[PDB]
Student: 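Here it is: the structure, laid out below.
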Amino acid sequence: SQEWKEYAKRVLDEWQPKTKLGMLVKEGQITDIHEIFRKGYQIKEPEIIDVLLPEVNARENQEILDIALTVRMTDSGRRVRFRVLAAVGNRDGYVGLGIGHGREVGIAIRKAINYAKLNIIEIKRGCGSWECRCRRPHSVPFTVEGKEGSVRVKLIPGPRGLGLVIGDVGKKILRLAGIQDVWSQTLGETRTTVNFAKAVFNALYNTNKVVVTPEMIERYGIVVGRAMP
Amino acid sequence: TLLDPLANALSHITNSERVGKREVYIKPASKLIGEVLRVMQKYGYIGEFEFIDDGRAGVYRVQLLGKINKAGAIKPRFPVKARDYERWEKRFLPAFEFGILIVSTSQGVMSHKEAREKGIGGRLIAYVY
Amino acid sequence: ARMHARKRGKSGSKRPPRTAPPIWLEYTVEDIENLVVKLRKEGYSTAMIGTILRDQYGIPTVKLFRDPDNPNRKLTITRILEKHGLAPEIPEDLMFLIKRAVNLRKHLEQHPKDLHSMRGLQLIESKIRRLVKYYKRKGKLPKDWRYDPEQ
Amino acid sequence: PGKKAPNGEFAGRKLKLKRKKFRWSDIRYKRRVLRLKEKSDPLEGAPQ
Amino acid sequence: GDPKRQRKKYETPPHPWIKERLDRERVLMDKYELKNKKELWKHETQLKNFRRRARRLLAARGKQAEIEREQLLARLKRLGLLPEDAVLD
Amino acid sequence: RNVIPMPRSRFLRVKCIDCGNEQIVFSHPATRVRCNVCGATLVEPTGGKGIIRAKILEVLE
Amino acid sequence: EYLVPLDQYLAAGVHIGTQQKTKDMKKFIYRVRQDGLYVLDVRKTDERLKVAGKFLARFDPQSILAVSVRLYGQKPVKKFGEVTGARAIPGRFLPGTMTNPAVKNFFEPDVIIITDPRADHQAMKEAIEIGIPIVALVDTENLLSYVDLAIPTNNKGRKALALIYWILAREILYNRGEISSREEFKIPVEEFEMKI
Amino acid sequence: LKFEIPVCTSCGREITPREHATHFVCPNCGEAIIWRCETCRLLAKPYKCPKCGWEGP
RNA sequence: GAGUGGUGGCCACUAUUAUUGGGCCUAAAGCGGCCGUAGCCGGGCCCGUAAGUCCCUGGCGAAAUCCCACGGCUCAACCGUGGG
RNA sequence: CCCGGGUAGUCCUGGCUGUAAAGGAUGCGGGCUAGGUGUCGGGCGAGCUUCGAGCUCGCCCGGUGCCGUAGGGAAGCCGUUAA
Ligand SMILES: [Mg+2]
Ligand SMILES: [Mg+2]
Ligand SMILES: [Mg+2]
Ligand SMILES: [Mg+2]
Ligand SMILES: [Mg+2]
Ligand SMILES: [Mg+2]
Ligand SMILES: [Mg+2]
Ligand SMILES: [Mg+2]
Ligand SMILES: [Mg+2]
Ligand SMILES: [Mg+2]
Ligand SMILES: [Mg+2]
Ligand SMILES: [Mg+2]
Ligand SMILES: [Mg+2]
Ligand SMILES: [Mg+2]
Ligand SMILES: [Mg+2]
Ligand SMILES: [Mg+2]
Ligand SMILES: [Mg+2]
Ligand SMILES: [Mg+2]
Ligand SMILES: [Mg+2]
Ligand SMILES: [Zn+2]
Ligand SMILES: [Zn+2]
Ligand SMILES: [Zn+2]
Ligand SMILES: [Zn+2]
């Protein structure tokens with residue numbers, strides 16, 4: 001954590017913002033990661049997240065989900081292209097998913113990491129299982145669903161200490177968001193990694209779409225964004 | 001033909017709240033629909049409602065507040081004993097106390113929390129959350 | 001929808017909700033029953049009598065007066081005719097369908113190759129059988145009564 | 001195609017009949033119940 | 001039917017070759033000097049049984065459930081796994 | 001609103017041109033409406049609203 | 001009473017709609033003539049013009065953007081930008097002006113004014129993506145989808161567009177205090193419109 | 001302490017992290033803040049100021 | 001790891017049998033069309049009944065086998081006393 | 001395959017046969033969920049008229065087409081005539 005403070009300070013001085021939100025963040029009018037959501041802004045500069053959430057650059061907070069190479073046909077042979085699917089997060093309350101393309105693997109990886117920061121979202125965590133009523137943010141607070149292509153995903157709250165009962169792609173995505181225990185059910189073709197990952201991402205995003213009362217926040221221990229002990 | 005007035009009412013409500021309607025008219029009214037509306041209002045899922053008389057079965061006018069995730073009828077009307085509510089909750093609801101099941105008992109129509117408190121069973125007829 | 005054609009016409013009467021007869025109506029119950037008996041003795045059908053009462057005498061349906069003898073129920077044309085013994089022996093709609101079917105059976109004797117008019121005969125007889133089943137169940141017809149076209 | 005049928009409370013007999021009828025389209029079930037492998041196996045069901 | 005057959009008291013992994021699980025188990029085996037994997041697996045099963053009993057009793061009510069709840073707590077803190085003021089959670 | 005149905009027809013109080021009689025008639029008749037005293041025609045039926053040949057005095061509620 | 005006499009409103013043709021209508025514009029429609037043409041109410045236009053004048057005067061002057069693809073609307077928006085200090089883009093709107101930071105004329109406003117939602121569909125589509133309020137002039141034919149403040153008027157005529165922008169500019173100037181009275185504003189209406 | 005999530009003026013539902021919502025001061029009075037969610041903007045739902053009562057897009 | 005491999009069977013994998021919980025325009029799959037008997041599904045209100053349904057309580061559904069605590073074989077496997 | 005001829009058949013009366021890419025490749029009844037714009041039948045209102053069972057505009061119900069919002073879908077696409 002100490003290193004990332006000075007890293008964020010270093011990036012902040014040598015950055016020339018190009019957009020309105022970048023100008024606000026450079027001037028110090030916006031100081032916390034939570035202040036850029038829920039008001040319709042556009043996010044086009046990756047330095048915003050570097051300044052506000054410096055720990056998305058740690059090696060342990062990034063994941064290369066998949067690498068594929070695809071072919072376009074021409075009269076002079078086959079032209080090869082790389083597609084990389086990647087994700088980042090802070091292991092507390094924020095997560096992003098991105099795809100990058102390039103002529104070689106390194107360029108594709110760099111672009112995929114770059115686009116994942118621009119697609120960042122914040123989620124809600126809690127405890128809603130019938131056999132664990134502990135009010136601590138270790139799972140999803142209620143059953144949620146998401147879909148992409150032919151893939152359907154349903155996430156179900158689980159007891160503390162159970163683990164992530166889901167395929168590996170879901171394991172990595174849910175781990176980067178700060179979730180420890182969950183049950184799941186799926187339909188469709190999960191071997192298509194892109195659609196699987198996007199479906200889990202949509203299911204996580206849909207925790208913000210469920211109406212809740214002030215009693216429920218107390219009951220399920222619902223936390224938005226950073227846990228903040 | 002028309003087979004079930006209560007299912008029509010609940011599907012109409014859940015269709016209307018997804019496009020942001022502020023009021024609805026339930027066209028065939030009945031006493032059972034009135035009971036379900038009373039139980040829903042007690043828990044804050046709807047606003048005020050009223051009965052309008054034509055020469056026919058009558059109409060209900062209901063105010064919506066944008067507080068319903070989903071509402072539906074249960075068919076068939078399964079009998080349930082006084083200590084078996086958990087599995088129906090897992091079948092229909094999203095978390096351990098999220099929303100209500102609406103139960104018809106020989107002491108009236110009530111939510112499954114009140115029925116569990118009194119220690120009696122009955123028939124499942126609807127769910128709202 | 002329609003029973004056989006599955007069309008969805010919606011035209012019909014739109015009756016306002018009222019309990020008491022209107023103020024401007026001046027006839028009493030005795031006058032109305034006299035009028036109904038007189039029109040019946042002129043030979044009109046039950047549906048026609050109400051049409052004439054509405055059109056010419058300004059009387060919206062007789063189902064606005066309480067039965068003088070039985071307070072539990074309102075007054076209808078068939079009840080008024082029953083009180084005097086002029087009520088039909090066979091229910092009217094069944095009689096009308098039977099009459100329509102007999103006329104069509106003599107058309108089909110001279111035109112045996114008219115196959116499209118024959119399906120209409122089959123549909124009419126299906127309606128007749130549904131009606132006779134309903135009336136047998138309620139006791140408006142004897143247990144032995146049967147529809148035989150050769151009769 | 002409309003709603004799956006029958007869903008009625010007092011329609012158990014037809015539902016059980018429907019499931020029994022369409023189970024014979026399953027090739028694994030049919031071969032075990034009619035014992036089709038046993039009738040043609042030169043090893044007569046032995047492992048060696 | 002069939003008479004009783006005695007069953008194993010431990011459970012085996014669902015997949016034998018998973019890299020992360022192998023690393024974790026190797027760390028434990030080397031630190032505590034166990035003879036073979038099944039020994040380790042034995043202890044794992046014990047833990048899971050305790051957990052499975054706690055999950056079932058949080059969701060139960062009645063007279064027998066309370067007896068079993070206090071019995072579980074007493075057995076756990078007799079073995080030295082819990083402090084004397086611990087709760088079911 | 002239009003939840004309750006309301007008819008588009010009306011009852012009318014008219015005056016016979018010949019006899020001078022006053023009657024109440026329906027605006028959408030299905031038969032020929034004639035005077036109750038003398039027998040002259042008062043309203044003729046059509047596809048929709050009828051054709052009134054008498055003097056209109058009042059539109060009843 | 002009114003910003004201008006109703007004779008002026010009618011002489012410019014502000015109340016003239018088109019042959020078509022929409023369900024959501026019916027609160028503004030006054031009546032329909034015998035030849036199938038809809039007419040707009042003039043009092044609603046005046047009231048909305050006053051409100052819009054109050055609303056736009058609170059923004060920083062150089063952060064307002066006004067666009068017009070239609071040929072008859074290019075001169076009035078240019079004059080409007082000249083008077084009030086706002087940026088004006090007449091003619092073709094280059095895609096990516098508000099979404100592509102690499103473009104030379106990249107510019108993010110605080111509020112946009114649309115002359116015609118149907119013709120200016122690129123600008124509206126890009127404005128929806130950056131989350132700013134949208135002020136538009138709507139005819140009997142338009143939809144109110146994604147419009148936050150609507151001003152009902154004929155948005156196809158020449159004199160009509162000229163008059164609307166003249167009044168709006170005067171209202172902004174008066175509300176923000178650059179003239180002490182409405183009358184001090186001595187710039188003819190003819191200066192706002194396209195000639196020939 | 002925590003932070004509060006904004007709520008739509010017309011429908012009362014919360015604003016999701018990446019939706020095309022908008023907010024602005026009241027045109028007529030300028031003393032209150034109007035929030036509009038994406039669904040209300042798409043469907044042209046009316047809104048009403050809590051201070052002056054002026055209404056509608 | 002005193003075990004570790006080969007062949008055959010059943011369950012899982014499989015929402016490839018689907019009550020929970022699947023499909024039928026173009027991929028397997030809507031009878032060429034319609035009428036109708038049993039069966040299944042059936043509009044609103046009032047009164048009665050108490051068959052289904054729900055609650056309370058008597059008599060039963062052997063022992064072994066299953067789960068929990070405590071006690072006896074060094075601990076355990078096993079065996080005993082109690083509660084389910 | 002192209003050209004000149006040609007029997008059965010194609011047509012009528014009384015029977016049998018029961019088959020098609022018999023395709024809307026979409027079983028039937030009921031409730032509900034933005035709009036816009038053509039056309040056919042009936043009804044209501046207003047304005048014209050050479051007085052025509054005529055013409056133009058608007059609204060309600062029922063048929064028949066196209067473009068499309070939410071939603072659905074592997075996509076093509078469907079979208080109050082729902083998939
Ligand atoms: Mg070439
Ligand atoms: Mg899709
Ligand atoms: Mg045996
Ligand atoms: Mg297999
Ligand atoms: Mg399948
Ligand atoms: Mg067919
Ligand atoms: Mg077919
Ligand atoms: Mg049939
Ligand atoms: Mg009923
Ligand atoms: Mg009983
Ligand atoms: Mg026993
Ligand atoms: Mg010992
Ligand atoms: Mg022991
Ligand atoms: Mg023993
Ligand atoms: Mg030839
Ligand atoms: Mg054909
Ligand atoms: Mg017409
Ligand atoms: Mg139509
Ligand atoms: Mg379409
Ligand atoms: Zn928990
Ligand atoms: Zn007369
Ligand atoms: Zn809203
Ligand atoms: Zn205000």
Side-chain angles (χ1 to χ4, degrees), chain A residues 149-150 185-189, chain B residues 1-5 7-9 11-16 18-19 21 24 27-31 56-58 77 79-82 87 91 104-107 115 118-123, chain C residues 1 4 6-11 119 122-123 125-126 129-130, chain D residues 1-2 4-16 19 22-29 32 43 45-48, chain E residues 1-4 6 9 35-38 53 63-65 67-68 70-72 74-75, chain F residues 8 46-49, chain G residues 20-24 32-37 141 143 145, chain H residues 39 42-44:
Chain A
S150 76
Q185 284 169 358
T186 65
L187 307 167
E189 184 63 77
Chain B
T1 56
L2 175 62
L3 296 165
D4 195 10
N8 279 351
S11 59
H12 183 22
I13 288 177
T14 178
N15 274 337
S16 298
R18 291 205 192 108
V19 291
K21 299 286 182 186
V24 288
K27 184 76 155 67
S30 57
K31 302 307 176 81
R56 311 168 195 200
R77 308 184 163 176
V80 47
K81 291 194 166 63
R87 63 186 188 95
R91 180 146 149 185
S104 171
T105 77
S106 62
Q107 299 178 28
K118 293 180 174 65
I120 58 174
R123 298 263 176 172
Chain C
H4 298 132
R6 317 268 207 280
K7 278 283 171 43
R8 311 186 185 198
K10 295 281 163 182
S11 63
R119 181 173 187 263
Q122 293 167 343
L123 302 186
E125 291 178 350
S126 291
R129 283 191 241 279
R130 289 172 177 245
Chain D
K4 213 211 328 194
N7 195 40
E9 183 176 16
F10 297 107
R13 179 180 275 110
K14 183 75 161 58
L15 186 50
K16 191 173 182 175
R19 181 54 50 215
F22 287 120
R23 206 180 180 190
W24 286 100
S25 303
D26 184 355
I27 188 63
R28 288 193 309 283
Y29 169 79
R32 169 173 62 77
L43 261 55
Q48 313 182 324
Chain E
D2 294 295
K4 177 198 175 184
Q6 303 188 30
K9 242 68 180 169
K35 190 201 173 186
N36 43 24
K37 298 299 274 261
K38 48 184 298 187
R53 283 159 57 182
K63 174 181 173 300
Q64 183 72 24
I67 289 177
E68 295 220 3
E70 70 180 330
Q71 281 177 342
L72 168 54
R75 180 63 181 175
Chain F
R8 301 172 286 202
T46 65
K49 191 179 305 183
Chain G
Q20 307 176 330
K21 48 93 184 66
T22 322
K23 191 194 186 66
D24 47 23
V32 47
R33 301 187 311 185
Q34 278 292 324
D35 62 306
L37 186 146
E141 183 213 11
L143 270 58
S145 182
Chain H
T39 301
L42 174 61
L43 291 174

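Computation of the quantities below employed the complete heavy-atom set of this structure, encompassing side-chain atoms and omitting hydrogens, waters and symmetry-equivalent molecules. Throughout, protein chains are lettered first and strands after them, A, B, ... in sequence-line order, and every chain is numbered starting at 1.
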Student: Over how many whole Å does the gap from G:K21 atom NZ to J:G36 atom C1' extend?
Tutor: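 Those two atoms, NZ and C1', are 7 Å apart.
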
Student: Applying a 4.0 Å non-hydrogen cut-off, can you work out what B:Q107 is touching in the nucleic acid: base, sugar-phosphate, or nothing?
Tutor: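 B:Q107: no heavy atom of the nucleic acid under 4.0 Å.
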
Student: Using only side-chain N and O atoms of E:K35, determine if any of them is under 4.0 Å from OP1 or OP2 of I:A2.
Tutor: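 So the side chain of E:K35 is within the cut-off, an N or O lying under 4.0 Å from OP1 or OP2 of I:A2.
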
Student: Would the bases of J:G45 and J:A46 meet the stacking rule of centres under 5.5 angstrom and planes under 30°?
Tutor: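 Result for this step: stacked.
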
Student: Nearest to the side chain of G:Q34, heavy atoms from C-beta on, is which of I:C68, J:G31, J:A46?
Tutor: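 Within the option list, the nearest is J:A46.
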
Student: Which part of the nucleic acid does E:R75 contact within heavy-atom distance under 4.0 Å: base, sugar-phosphate only, or nothing?
Tutor: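 Answer is sugar-phosphate: E:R75 comes under 4.0 Å of backbone atoms only.
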
Student: In whole Å, I'd like the distance from the CD atom of E:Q71 to the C1' atom of I:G82.
Tutor: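 Interatomic distance, CD of E:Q71 to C1' of I:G82: 10 Å.
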
Student: Could you tell me how far J:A21 sits from J:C60 if I compare only their P atoms? Round to whole Å.
Tutor: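 It comes out at 44 Å once rounded to the nearest Å.
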
Student: Any side-chain N or O of B:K81 below 4.0 angstrom from OP1/OP2 of I:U53?
Tutor: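 For I:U53, OP1/OP2 do not have a side-chain N/O of B:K81 under 4.0 Å.
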
Student: OP1, OP2 of I:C46 versus side-chain N and O of B:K31: anything below 4.0 Å?
Tutor: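 The answer is yes; a side-chain N or O of B:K31 sits under 4.0 Å from OP1 or OP2.
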
Student: Are any of the side-chain heavy atoms of B:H12 and B:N8 separated by less than 4.5 Å?
Tutor: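 No, their side chains stay 4.5 Å or more apart.
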
Student: Give a yes or no on whether J:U37 and I:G59 are a Watson-Crick or wobble pair, applying the 3.5 Å threshold to both distances.
Tutor: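 In fact, J:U37 forms no Watson-Crick or wobble pair with I:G59 that has both distances under 3.5 Å.
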
Student: For J:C60, take OP1 and OP2 only and decide whether either is under 4.0 Å from a side-chain N or O of C:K10.
Tutor: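 Answer no for this pair, as no side-chain N or O of C:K10 is under 4.0 Å from OP1 or OP2.
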
Student: OP1, OP2 of I:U17 versus side-chain N and O of D:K16: anything below 4.0 Å?
Tutor: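 No, because none of the side-chain N or O atoms of D:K16 sits under 4.0 Å from OP1 or OP2 of I:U17.
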
Student: Considering every strand and a 4.0 Å limit on heavy-atom distances, what is the contact class for H:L43: base, sugar-phosphate, or nothing?
Tutor: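 Nothing: the residue H:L43, judged by heavy atoms under 4.0 Å, touches no strand.
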
Student: Tell me whether the side-chain N/O atoms of E:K4 come closer than 4.0 Å to OP1 or OP2 in I:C66.
Tutor: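 Checking I:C66 against E:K4, a side-chain N or O does come within under 4.0 Å of OP1 or OP2.
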
Student: Are the six-membered base rings of I:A50 and I:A51 less than 5.5 Å apart at their centres, with planes tilted under 30 degrees?
Tutor: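 By the ring-centre and plane-angle rule, I:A50 does not stack on I:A51.
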
Student: Looking across every strand, which nucleic acid part, if any, lies under 4.0 Å from E:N36 by heavy atom: base, sugar-phosphate, or nothing?
Tutor: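 Answer is sugar-phosphate: E:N36 comes under 4.0 Å of backbone atoms only.
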
Student: Under a 3.5 Å cut-off for both contacts, is J:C48 paired Watson-Crick or G-U wobble with anything, and if yes, with which nucleotide?
Tutor: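 Partner of J:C48: J:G54.
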
Student: With P as the reference atom in both, quote the distance from I:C24 to I:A29 in angstrom, rounded to an integer.
Tutor: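 Pairwise P distance, I:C24 against I:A29, rounds to 12 Å.
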
Student: Please list, for nucleotides 24-28 of chain I, all pairs of protein and nucleotide N/O atoms separated by less than 3.5 Å.
Tutor:
none

Student: For B:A82, answer base if it contacts any base atom (sugar-phosphate contacts may also be present), sugar-phosphate if it contacts only those atoms, and nothing otherwise; contact means non-hydrogen atoms under 4.0 Å.
Tutor: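 B:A82: backbone/sugar contact only, no base atoms under 4.0 Å.
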
Student: Taking only side-chain nitrogens and oxygens of D:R28, does any of them come within less than 4.0 Å of OP1 or OP2 of I:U17?
Tutor: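 The answer is yes; a side-chain N or O of D:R28 sits under 4.0 Å from OP1 or OP2.
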
Student: Examine I:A51 and say whether its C1'-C2'-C3'-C4' torsion places the sugar north (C3'-endo side) or south (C2'-endo side).
Tutor: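 North (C3'-endo side).
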
Student: Report the distance from atom CG of B:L3 to atom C1' of J:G29, rounded to the nearest whole Å.
Tutor: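 Atom CG in B:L3 sits about 9 Å away from atom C1' in J:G29.
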
Student: Could you pick out which residue, B:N8 or G:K23, lies toward the 5' side of RNA chain J when each is mapped onto its nearest nucleotide?
Tutor: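 Nearest-nucleotide comparison on RNA chain J picks B:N8.
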
Student: At 4.0 Å (heavy atoms only), tell me whether B:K27 reaches a base, stays on the sugar-phosphate, or touches nothing.
Tutor: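 B:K27: no heavy atom of the nucleic acid under 4.0 Å.
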
Student: Verify the contact: side-chain N or O of B:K118 to OP1 or OP2 of I:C54, cut-off strictly under 4.0 Å; return yes or no.
Tutor: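 Checking I:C54 against B:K118, no side-chain N or O comes under 4.0 Å of OP1 or OP2.
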
Student: Do I:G48 and J:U17 form a Watson-Crick or G-U wobble pair, with both donor-acceptor distances under 3.5 Å?
Tutor: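 No, neither Watson-Crick nor G-U wobble.
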
Student: Decide between north and south for J:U26, the convention being positive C1'-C2'-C3'-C4' for north and negative for south.
Tutor: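 Because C1'-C2'-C3'-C4' is negative here, the pucker of J:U26 counts as south.
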
Student: Between N or O atoms, less than 3.5 Å apart, protein on one side and nucleotides 32-36 of chain I on the other: list the pairs.
Tutor:
unit_1	atom_1	unit_2	atom_2	d
I:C34	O2'	C:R119	NH2	3.1
I:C35	OP1	C:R6	NH1	3.2
I:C35	OP2	C:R6	NH2	3.3
I:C35	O2'	C:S126	OG	3.3
I:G36	OP1	C:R130	NE	3.1
I:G36	OP1	C:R130	NH2	3.2

Student: If the cut-off is 4.0 Å, is C:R8 near the phosphate of J:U81, judged by side-chain N/O to OP1 or OP2?
Tutor: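 Result: no.
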
Student: Any side-chain N or O of D:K4 below 4.0 angstrom from OP1/OP2 of I:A15?
Tutor: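 No, D:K4 has no side-chain N/O under 4.0 Å of OP1/OP2 on I:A15.
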
Student: In whole Å, what separates the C1' atom of J:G63 from that of J:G15?
Tutor: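 The same atom, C1', in both gives a distance of 41 Å.
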
Student: In whole Å, what is the span from the CG atom of D:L15 to the P atom of I:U17?
Tutor: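 So the CG-P distance, D:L15 to I:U17, works out to 16 Å.
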
Student: Please list each protein N or O that sits under 3.5 Å from an N or O in nucleotides 70-73 of chain J, with the distance.
Tutor:
unit_1	atom_1	unit_2	atom_2	d
J:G72	OP1	A:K147	NZ	2.9
J:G73	OP1	A:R152	NH2	3.2
J:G73	OP2	A:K147	NZ	3.0

Student: Tell me the partner of I:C75, counting only Watson-Crick (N1-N3 plus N6-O4 or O6-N4) or G-U wobble (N1-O2 and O6-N3) with both under 3.5 Å; none if nothing fits.
Tutor: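 Its partner: none found.
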
Student: J:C57 phosphate, OP1 or OP2: any side-chain N/O from G:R33 under 4.0 angstrom?
Tutor: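 G:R33 to J:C57 OP1/OP2: no side-chain N or O under 4.0 Å.
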
